[PDB]
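> Sharing a structure below in structure tokens format, with a few things to ask.
Readers should treat all values here as calculations from the given coordinates under stated rules, not as data from a laboratory. Counting neighbours? That spans all protein chains shown, and the Cβs are built from the backbone with ideal geometry, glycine included.
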Amino acid sequence: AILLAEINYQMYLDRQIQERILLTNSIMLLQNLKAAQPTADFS
Amino acid sequence: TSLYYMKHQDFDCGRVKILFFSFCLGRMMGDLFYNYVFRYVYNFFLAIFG
């Protein structure tokens, strides 16, 4: 029983790290998309 | 003196693209050097000469 509680807690930590990964990737993608803003120039 | 007036040409420009930015430097180089530099000097000389 205690071991299963341990497993649950550590899985919670793993998912927190995964959410951190998600934030990092999303910020990077937004930076790229800002670098790739559409241009209104009609030449 | 109008018989030697230099006309304002419209140069077709090659649209270069620096990886997201579209602009044609041919028109810039043409309308700068020929139009706003050389044509300036020639028209200045002719305008004085009149």
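> Is it true that some residue in segment A:5-26 is loosely packed, with under 10 Cβ neighbours inside 10 Å, outside any helix (DSSP H, G or I) and among the hydrophobic types (A, V, I, L, M, F, W, C)?
No, segment A:5-26 contains no residue that is loosely packed, with under 10 Cβ neighbours inside 10 Å, outside any helix (DSSP H, G or I) and among the hydrophobic types (A, V, I, L, M, F, W, C).
> Yes or no: B:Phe33 within 18 Å of A:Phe42 (Cβ to Cβ) and of a type outside the set (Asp, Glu)? Show your work before the answer.
Values: within 18 Å of A:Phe42 (Cβ to Cβ): no; of a type outside the set (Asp, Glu): yes.
Here the answer is no, as B:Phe33 does not meet what is asked.
> So how many residues does chain B have that are in contact (Cβ under 8 Å) with a residue 24 or more places away in the chain, hydroxyl-bearing (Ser, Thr, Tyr) and outside any helix (DSSP H, G or I)?
2
> Just for segment A:10-43: of the residues that are within 14 Å of chain B (Cβ to nearest Cβ) and charged (D, E, K, R), which one is nearest to B:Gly26 (Cα to Cα)?
Of everything passing the filter in segment A:10-43, A:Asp41 is nearest to B:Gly26 (Cα to Cα).
> Tally the residues that are out of contact with any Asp or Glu (no Cβ under 9 Å at 6 or more places or on another chain), away from every other protein chain (no Cβ under 14 Å) and under 30 Å from A:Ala36 (Cα atoms), restricting the search to segment B:1-34.
Total satisfying the criteria: 2.
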